[PDB]
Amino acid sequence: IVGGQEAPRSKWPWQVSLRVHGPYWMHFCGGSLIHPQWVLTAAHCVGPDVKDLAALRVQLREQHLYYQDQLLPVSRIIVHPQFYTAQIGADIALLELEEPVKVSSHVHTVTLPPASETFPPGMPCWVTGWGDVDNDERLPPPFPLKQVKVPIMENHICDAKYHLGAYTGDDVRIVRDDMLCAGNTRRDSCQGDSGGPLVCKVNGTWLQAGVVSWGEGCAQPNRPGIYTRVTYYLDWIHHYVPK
């Protein structure tokens, strides 16, 4: 997370950290709890190639990475079958946990948007995670969960911005219809936040609008952050995750 601030303990109780086995169980991507056995994340965090499940674990909401880890194993990685790269799209995946988690005020699910919600500009939305605090700047220890309020840009503004300073033909779409843009040069996600949630408050409920997907660097001029658009993938999600 670039810009913004350390998150409060009572906020983002759905935030998840994904961990890869090595010298230590290292954070590489975010996720969100959308059901007691289901984490929603980005496909590029776990694919496109098939990983060893035993090398992957999940950590539920933690104010600081590593200090009070209670890792949780994973029984299934479902990755969207359209997925090959983030730039093409369908950068969305699901993790099933070996057990259902227990829900509380500290730790509970996020609500998915109804298919009609467009998330127009001037909606207040926050993105969260333990990723880099700028281009090539690691989040320093003690690795607090960060948040930043990001302005949503309409898809067509954002596509056009990605064409400024580019050779790519204006008619050749870069920001796709299954994607969502937010951020500016002060406020953005970065590496390490991929797979975590962009959430927007609507009628006093938090809805996850996006999954942190990609961008040309972080908080770079004319390069807003790009997120997978959750509305686009509800039917796919619901094929696996009960209502």
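From 1 onward, residues are counted along the sequence shown.
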As the entry reports it, the stretch among 32-40 and 60-68 with higher mean C-alpha B factor is 60-68
Tell me which stretch, 200-208 or 187-195, has the higher mean Cα B-factor listed in the entry. 200-208
Of the choices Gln87, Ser105, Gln82, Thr128, which one's C-alpha carries the largest B-factor in the record? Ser105
Going by what the PDB entry lists, where does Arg138 fall on CA B-factor within its chain: lowest, middle or highest third? highest
In terms of the CA temperature factor given in the entry, to which third of its chain does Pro73 belong: lowest, middle or highest? middle
Chain third (lowest, middle, highest) by recorded CA B-factor, residue given as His163: lowest
Third assignment of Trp25 from its chain's C-alpha B-factors: middle
By the record's CA B-factor, is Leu53 among the lowest, middle or highest third of residues in the chain? highest
